[PDB]
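Chemist: First the structure, then my questions, so here it is.
Readers should treat all values here as calculations from the given coordinates under stated rules, not as data from a laboratory. Here the Cβ is made from the backbone with ideal geometry for all residues, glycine too, and neighbour counts use every protein chain on show.
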Amino acid sequence: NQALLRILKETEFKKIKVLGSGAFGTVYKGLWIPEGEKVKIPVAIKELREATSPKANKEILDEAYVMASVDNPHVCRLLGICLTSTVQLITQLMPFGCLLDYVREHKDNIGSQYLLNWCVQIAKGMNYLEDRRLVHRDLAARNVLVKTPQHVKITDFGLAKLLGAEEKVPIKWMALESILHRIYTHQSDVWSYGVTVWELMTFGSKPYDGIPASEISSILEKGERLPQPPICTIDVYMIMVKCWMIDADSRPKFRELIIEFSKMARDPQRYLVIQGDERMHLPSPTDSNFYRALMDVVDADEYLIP
Ligand SMILES: O=C(Nc1nccs1)[C@@H](c1ncn2c1CCC2)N1Cc2c(cc(C#Cc3ccc(CN4CCC(CO)CC4)cc3)cc2C(F)(F)F)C1=O
């Protein structure tokens, strides 16, 4: 089968364990065993919470092909779909988990080089989506996955539109115009990018923690923003603050964020002030708890050598 979006039979994959139980579905660790091909590919399987009509299923398939068409090292591709009473979505298993949990878990061994490199990687992935004319609408550190500690990828950019974001909800990541008027653009994704950077620089703080979602548009209109993370120089904070300008056309563009964070990544200790920075190290595959705790098969990347 050479289809870009594989249509899977239930016999071709198995849910082995639960990973995560999220707003719109449950994600499982499993194996994809493509019929006749005698090979087992570690995958994540998301099973949607609600049963869908044959009408829901048509809109899902059309969007699914877009999600299987992306080809960028910083973007998670949809490998396949299975349409039964439930919809199941299959992707490569990202065996270090999401970046939000990763920065909370490793908050004492993450140095300036890693944080700035992730900022670059996320900006490159978002710029690739902008080139595909795709608005994410739900960018957050929970939706960035860790392939290796050195390399992260954007996911879950195919949800918000189909779930009705643009018609009559991650308020604390949303641009003011998204809250007020359901306007979603690459420039509203820049706002979410700024909040995602804030989550990384705070080692996974909750934005506006304990502030009611219903009060966020008012505090944004009064000019209040997320506070400067303790490790950040004013050079890095000013990038975040520029992502949260009310004028969406004045916010940085992803291609400008790639250039500026790439510059900072060349001299990372100038731009982030982390005690113990120089001596910091993160578990490899072999050493990682999280890694062995998924895995211990052919990796999706090997199998798909086009
Ligand atoms: O698959 C996904 N995540 C995974 N993680 C692990 C394994 S798979 C993520 C995702 N997005 C981008 N990517 C990924 C993975 C790789 C890259 N996706 C793609 C994805 C998801 C959801 C839906 C959905 C839905 C849905 C639609 C209509 C109703 C009914 N409602 C219509 C609207 C009406 C209100 O107007 C009310 C009723 C219900 C649901 C579709 C897709 C897509 F695009 F593939 F078709 C989803 O989450």
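Chemist: What would the Debye formula give as log10 I(q)/I(0) at q = 0.07, 0.13 Å⁻¹ for the alpha-carbon point model of the chain, no solvent?
Modeler: -0.28, -0.97
Chemist: Taking the Cα centre of the stretch 159-225 as origin and charging only Cβ (+1 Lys, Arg; -1 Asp, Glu), how large is the dipole, in debye to the nearest 20? Mind showing how you got there, number by number?
Modeler: On the way: 7 positive and 9 negative charges, 13 e Å.
In total the dipole reaches around 60 debye.
Chemist: What nm value, rounded to one decimal, do you get for the distance between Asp209 and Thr286 when each label is placed 7 Å out toward the C-beta?
Modeler: According to this spin-label approximation, the distance is 3.7 nm.
Chemist: Which log10 I(q)/I(0) values does the stretch 47-163 give at q = 0.10, 0.22, 0.23 Å⁻¹ under the Debye formula, counting every alpha carbon as one identical point scatterer?
Modeler: Computed log10 I(q)/I(0) values: -0.33, -1.26, -1.34.
Chemist: Gap in Å between the Cα centre of the stretch 243-306 and the Cα centre of the stretch 92-159?
Modeler: 7 Å
Chemist: Shifting gears a bit: Under the rule of at least 5 residues apart or a separate chain, name every residue whose amide H is placed under 5 Å from the amide H of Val75.
Modeler: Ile154
Chemist: Specify the inter-centroid distance of the stretch 1-29 and the stretch 35-76, based on alpha-carbon positions, in whole Å.
Modeler: The two parts, judged by their Cα centres, are 8 Å apart.
Chemist: Taking N as the number of residues in the stretch 121-269, what value does Rg over Cα atoms divided by 2.2 N^0.38 Å take? Please list the in-between numbers first.
Modeler: Values: Rg = 14.7 Å, N = 149, 2.2 N^0.38 = 14.7 Å.
My calculation over the Cα atoms of the stretch 121-269 gives 1.00.
Chemist: Give the percent of DSSP beta bridges with both residues in the chain that are antiparallel, rounded to the nearest 5.
Modeler: On the way: 31 of 34 bridges.
Counting DSSP beta bridges with both partners in the chain, the antiparallel share is about 90 percent.
Chemist: Turning to a different aspect of this structure: Label points 7 Å out from Cα along the Cβ direction at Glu47 and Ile16: separation in nm?
Modeler: So the two model labels end up 1.7 nm from each other.
Chemist: Here's a follow-up. Residue farthest toward the positive end of the dipole of the chain, with Cβ of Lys/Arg at +1 and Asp/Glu at -1: which of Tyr114, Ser205, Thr84?
Modeler: Projecting each Cα onto the dipole axis, the largest value belongs to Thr84.
Chemist: Further question on the same structure: For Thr26 paired with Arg266, estimate the spin-label separation in nm (one decimal), with each label point 7 Å from Cα along the Cα-to-Cβ line.
Modeler: 5.0 nm
Chemist: Something else about it: Collect residues whose amide H, placed 1.01 Å from N in the peptide plane, falls under 5 Å from the amide H of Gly25; neighbours closer than 5 in sequence don't count.
Modeler: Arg49
Chemist: Mind ordering 22-30, 227-235 by average Cβ neighbours within 10 Å, highest first?
Modeler: Answer by packing, highest mean first, reads 22-30, 227-235.
Chemist: Let me spell out the model: positive unit charges on the Cβ of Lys and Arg, negative unit charges on the Cβ of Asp and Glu, origin at the Cα centre of the chain. What dipole size does that give, in debye rounded to 20?
Modeler: The dipole of the chain has a size of about 320 debye.
Chemist: Say the dipole of the chain comes from +1 at the beta carbon of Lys and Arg and -1 at that of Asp and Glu; which of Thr185, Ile246, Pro268 then lies farthest toward its positive end?
Modeler: Going by the Cα projections, it comes out as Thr185.
Chemist: Which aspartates and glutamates, if any, have their Cα less than 15 Å from the Cα of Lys14, not counting same-chain residues under 8 positions apart?
Modeler: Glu35, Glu47
Chemist: What FRET efficiency comes out for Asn109 versus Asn72 if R0 is 25 angstrom and r is the Cβ-Cβ distance? Round to the nearest 0.05.
Modeler: 0.35
Chemist: What's the percent breakdown of Cα-Cα distances in the stretch 17-96 across 10 Å bins, shortest bin first?
Modeler: 17, 47, 32, 3
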